[PDB]
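For reference, the structure discussed in these notes is given below.
Every number here is computed from the coordinates shown, using simple stated rules; none is lab data.
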Amino acid sequence: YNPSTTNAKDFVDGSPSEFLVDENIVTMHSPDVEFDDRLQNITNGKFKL
Amino acid sequence: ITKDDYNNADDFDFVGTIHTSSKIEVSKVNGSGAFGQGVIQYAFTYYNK
């Protein structure tokens, strides 16, 4: 949106039930998580991708 | 009688002697293992074969 014209709220109110994709936040799916229950309890694990 | 490095009078007692200042710190790692819920305390003791 152009901030000089409209606010964020007024812009979203034209279609508040619209969805956008997000590749900046992804969802990794490995068999270890589903089958190894030790990886379903990770909490803020410092890892590199 | 097959040892010639007896340097004090406490080396002959039934109970052993500790000369060094053992520094043993225990920290909890999370992610790997299998334990039961509760609190746990670790005890240490030297013993000659």
Can you list the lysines whose alpha carbon sits under 23 Å from that of B:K3, skipping same-chain ones fewer than 8 residues off? B:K49
Per principal axis, largest first, the Cα atoms of the protein assembly as shown extend in Å by 96, 36, 28
Cross-link table A:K9/A:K46; A:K46/B:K23; A:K9/A:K48, entries beyond 31 Å C-alpha to C-alpha: A:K9/A:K46; A:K9/A:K48
Just the Cα atoms of chain B: what Rg and Dmax do they give in Å? 18.0, 50
